[PDB]
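This report refers to the structure that appears directly beneath it.
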Amino acid sequence: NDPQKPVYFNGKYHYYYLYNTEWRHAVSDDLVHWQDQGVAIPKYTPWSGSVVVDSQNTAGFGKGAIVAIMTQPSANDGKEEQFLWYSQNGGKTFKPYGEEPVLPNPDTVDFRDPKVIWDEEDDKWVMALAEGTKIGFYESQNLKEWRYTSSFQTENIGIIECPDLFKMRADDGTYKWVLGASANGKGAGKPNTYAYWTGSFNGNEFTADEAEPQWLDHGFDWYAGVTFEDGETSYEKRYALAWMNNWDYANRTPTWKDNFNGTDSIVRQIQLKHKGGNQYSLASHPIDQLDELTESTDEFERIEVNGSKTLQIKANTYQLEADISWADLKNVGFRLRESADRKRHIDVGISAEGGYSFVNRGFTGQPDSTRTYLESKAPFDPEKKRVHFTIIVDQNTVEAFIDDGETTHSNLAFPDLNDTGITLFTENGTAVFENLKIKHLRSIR
Ligand SMILES: [Ca+2]
Ligand SMILES: [Ca+2]
């Protein structure tokens, strides 16, 4: 119902959210139990921007002041522009810096979602901004006066939103920068999630390793993704989460909509993996915090499967883990949230014949009345004849992480409450499932 965009400062995770009108504030130690702390801004004209800690008092509000740079409509023309708000009480409440934007609209329709970072090497702030099909970069010494430095022009991935810019140390010991943004590659058969480019950033401009982006999710439902620092350490791992939008699938003329607008994804951890050469990829996995939700565990012996094998289990909300291996089959995977008559299920698996991983929601409750968005697909090498799955199943979502999680699929899916079976499957050949474990979870969401 309420999208969260977390940030770590002063010993806790925080997020702020609009509530109709006013800006509210929630806090968390574990990214499980969020506690609302009240109103941070009594009157505010989804919210768009970033919150930073000005540790060295560059902005003049004091060492450790909390500063938000936010997109709002201009008083004159309603055009998107960037305004500064500051807190001198540790992020409890914020006041506006003057009445003028710190970065005004240059007469354009798309000018939003400032992502502000401190560039220690260049000794300055940098802002990445969504500007239609390009990401704009702006520099500042003091958060108040900004200067354009460059633009990063995207190609064939629609309108860009919610850019991200961060530095990570890969497992080979090389630092890379990553430029990310939400985007919409559906016209080219690519995802509508979070596109990213590993590369280099010099304080002024971003140079990608390759022109074509990688995607942090290949599911249908992982939009407006955000990454944030790990507070209990910063270069080795980050956290991320995104929005899974149900209302945006509405495709009727009347404008009424159900009560379910969407849901946050689970929080994932992301690491930067060297894949050989100058090739790097982000790898995703559910946060480890999630294991404190484990109610019980079912473990299975090695299972050979040809066609079908039905598990003797009831599972509704859970983490499934398994290793699978095979030889010459066409496809392999899991029928999750399976009805007793076997007609309803959620399918997660590998197409060896097609060279892709998939999640198919065409046999369960699903949000698209046109039945266009049924089976998400991500590249999978057809020569690789083993895979590890980690799958989080909940009442309205399935989130599948393949191997180390370079490819992940996040999808809305709406199984019936009593559809709780699991059947393993193959097509045109035998597979072996090993180390199959089901961790039954309490649902937070
Ligand atoms: Ca979409
Ligand atoms: Ca859309």
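For the sequence shown, the residue numbers in PDB author numbering are 26 to 45, 54 to 78, 84 to 271, 274, 275A, 276 to 485.
For each residue, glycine too, the CB sits at the ideal point set by N, CA and C.
### Message
Quick check on the burial criterion: 16 or more other C-beta atoms within 10 angstroms. Buried or exposed for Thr-146?
### Response
The residue labelled residue 146 in the question sits at position 108 within the sequence shown. Classification for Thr-146: exposed.
### Message
For a test of the three-state rule: what should DSSP assign to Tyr-289, helix, strand or coil?
### Response
By 1-based counting over the sequence shown, the position of residue 289 is 249. In the structure shown, the three-state DSSP call for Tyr-289 is helix.
### Task
Kindly give me the distance between the Cβ atoms of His-256 and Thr-78, rounded to whole angstroms, as I take these residues to be in contact under 8 Å.
In the sequence shown, residue 256 corresponds to position 218, counting from 1. In the sequence shown, residue 78 corresponds to position 45, counting from 1. Not really, about 37 Å apart at Cβ, beyond 8 Å.
### Query
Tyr-261 and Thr-231: beta carbons closer than 8 Å?
Position 223 of the sequence shown, counting from 1, holds the residue named residue 261. Position 193 of the sequence shown, counting from 1, holds the residue named residue 231. Their beta carbons are under 8 Å apart, which means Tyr-261 touches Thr-231 by this criterion.
### Message
Can you tell me whether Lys-224 is helix, strand or coil according to DSSP?
### Response
For this step, residue 224 is matched to residue 186 along the sequence shown. Helix, per DSSP.
### Query
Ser-336: buried (16+ other C-beta within 10 angstroms of its C-beta) or exposed?
Taking the sequence shown and counting its residues from 1, the one referred to as residue 336 is at position 296. Label assigned to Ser-336: exposed.
### Task
Could I get the ranges of all uninterrupted beta strand (DSSP E) runs contained in the stretch 168 to 211, with 3 residues as the minimum, in chain order?
Fully enclosed beta strand (DSSP E) runs of 3 or longer: 172 to 178, 185 to 191, 199 to 207.
### Message
Following a CB-centred definition, is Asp-151 positioned closer than 7 Å to any heavy atom of ligand 3?
### Response
Ligand 3 is absent from the structure shown, which contains only ligand 1 and ligand 2.
### Query
Expressed to the nearest angstrom, what Euclidean distance is found between the alpha-carbon atoms of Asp-456 and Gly-402?
Working through the sequence shown from its first residue, we reach residue 456 at position 416. Working through the sequence shown from its first residue, we reach residue 402 at position 362. Looking at the two C-alpha atoms, the distance is approximately 14 Å.
#### Entry: Identified DSSP bridge partners for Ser-93
If you number the sequence shown from 1, residue 93 lands on position 55. Answer is none; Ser-93 lacks a bridge partner.
### Query
Are there three or more Cβ pairs, one per stretch, closer than 8 Å when the stretch 468 to 485 is compared with the stretch 283 to 299?
The answer is no - the stretch 283 to 299 does not touch the stretch 468 to 485, with fewer than three Cβ pairs under 8 Å.
### Query
Closer than 7 Å from C-beta to any heavy atom of ligand 2: which residues, in chain order?
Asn-222, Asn-230, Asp-288
### Query
Cβ of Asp-304 within 8 Å of Cβ of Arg-485?
Within the sequence shown, the letter at position 264 stands for residue 304. Within the sequence shown, the letter at position 445 stands for residue 485. The beta carbons of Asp-304 and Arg-485 sit closer together than 8 Å.
### Reduced DSSP secondary structure (H/G/I, E/B, other) of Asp-434
Taking the sequence shown and counting its residues from 1, one reaches residue 434 at position 394. DSSP places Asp-434 in strand when its eight states are reduced to three.
### Cut-off 7 Å between Cβ atoms - residues of its own chain near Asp-160, not counting five sequence neighbours on either side
Along the sequence shown, one-based indexing puts residue 160 at 122. For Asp-160, where only same-chain residues beyond five positions count, the Cβ hits under 7 Å are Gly-241.
### Task
Kindly examine ligand 1 and report whether one of its heavy atoms sits closer than 7 Å to the Cβ of residue 538.
As displayed, the chain neither begins before 26 nor continues past 485, which places residue 538 out of reach and without an answer.
### Query
Leaving out the 5 sequence neighbours to the left and right, which residues in its chain are closer than 7 Å to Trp-283 when beta-carbon positions are compared?
To locate residue 283, count along the sequence shown from 1; it is residue 243. Excluding residues within five positions, the ones whose Cβ falls inside 7 Å are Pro-28, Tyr-261, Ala-262, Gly-302, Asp-304.
### Message
Determine whether the beta carbon atoms of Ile-462 and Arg-375 lie at a separation below 8 Å.
### Response
Locating residue 462 in the sequence shown gives position 422, counting from the first residue. Locating residue 375 in the sequence shown gives position 335, counting from the first residue. A contact, by the Cβ cut-off of 8 Å.
### Task
Specify the secondary structure class of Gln-70 as computed by DSSP and reduced to three states.
Start at 1 with the first residue of the sequence shown, and residue 70 comes out as number 37. Correct three-state label for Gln-70: strand.
#### Entry: Entirely enclosed beta strand (DSSP E) segments - the stretch 84 to 170, minimum 3 residues
With a minimum length of 3 residues, the continuous beta strand (DSSP E) runs that stay inside the stretch 84 to 170 are 87 to 92, 103 to 111, 118 to 125, 150 to 157, 162 to 169.
### Query
If you compare alpha carbons, which of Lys-205, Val-216, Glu-199, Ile-195 is closest to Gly-225?
Within the sequence shown, the letter at position 187 stands for residue 225. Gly-225 has its Cα closest to that of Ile-195, out of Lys-205, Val-216, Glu-199, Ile-195.
### Query
Would you say the stretch 123 to 131 touches the stretch 32 to 39, given that touching needs at least three Cβ pairs under 8 Å?
yes
### Message
ligand 1 and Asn-286: does any heavy atom of the ligand fall closer than 7 Å to the residue's C-beta?
### Response
Position 246 of the sequence shown, counting from 1, holds the residue named residue 286. No; taking the cut-off as 7 Å, the Cβ of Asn-286 has no heavy atom of ligand 1 nearer than that.
### Beta-carbon gap between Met-108 and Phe-121 smaller than 8 Å
For the purposes of this step, residue 108 is taken as the residue at position 70 of the sequence shown. For the purposes of this step, residue 121 is taken as the residue at position 83 of the sequence shown. In contact: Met-108 and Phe-121 (Cβ atoms closer than 8 Å).
### Task
Give every residue of the same chain whose Cβ lies closer than 6 Å to the Cβ of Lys-182, excluding the five residues on either side of it in the sequence, and list them in chain order.
Residue numbering aside, residue 182 sits at position 144 when the sequence shown is read from its first letter. Hits under 6 Å: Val-140.
### Message
Using the three-state DSSP reduction, which class does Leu-330 fall into: helix, strand or coil?
### Response
Within the sequence shown, numbered from 1, the residue matching residue 330 stands at position 290. DSSP places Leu-330 in helix when its eight states are reduced to three.
### Candidates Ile-74, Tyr-38, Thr-192, of which the one nearest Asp-62 by Cα
As a first step, residue 62 is located in the sequence shown; it is residue number 29 there, counting from the start. Closest by alpha carbon: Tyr-38.
### Query
DSSP on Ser-483, reduced to helix/strand/coil?
As a first step, residue 483 must be located in the sequence shown, where it is residue number 443. If DSSP states are grouped into helix, strand and coil, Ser-483 belongs with coil.
#### Entry: Cα-Cα separation between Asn-222 and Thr-265, rounded to whole angstroms
Position 184 of the sequence shown, counting from 1, holds the residue named residue 222. Position 227 of the sequence shown, counting from 1, holds the residue named residue 265. Rounded to the nearest angstrom, the gap between the Cα atoms of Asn-222 and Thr-265 is 19 Å.
### Message
Going residue by residue through the stretch 379 to 439, where are the continuous alpha helix (DSSP H) segments of at least 4 residues, counting only ones entirely within it?
### Response
Qualifying alpha helix (DSSP H) stretches: none in this window.
### Message
Short of 8 Å in beta carbon distance, which residues of its chain neighbour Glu-137, apart from the five on each side in sequence? Order them along the chain.
### Response
As a working mapping, residue 137 is identified with position 99 in the sequence shown. The residues are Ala-113.
### Close Cβ partners of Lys-349 (< 7 Å) along its chain, the five nearest in sequence each way excluded
Taking the sequence shown and counting its residues from 1, the one referred to as residue 349 is at position 309. Once the five neighbours on either side are set aside, the close Cβ partners of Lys-349 are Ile-343, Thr-463, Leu-464.
### Query
Over what stretch of residues does the beta strand (DSSP E) that includes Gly-263 continue unbroken?
One-based indexing of the sequence shown puts residue 263 at position 225. Start and end: 261 to 267.
### Task
Can you tell me which of the three DSSP states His-58 falls into?
Position 25 of the sequence shown holds residue 58. Residue state, collapsed to three classes: strand.
### Identity of the residues DSSP links to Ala-246 by a beta bridge
As a first step, residue 246 must be located in the sequence shown, where it is residue number 208. BP columns for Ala-246 point to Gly-237.
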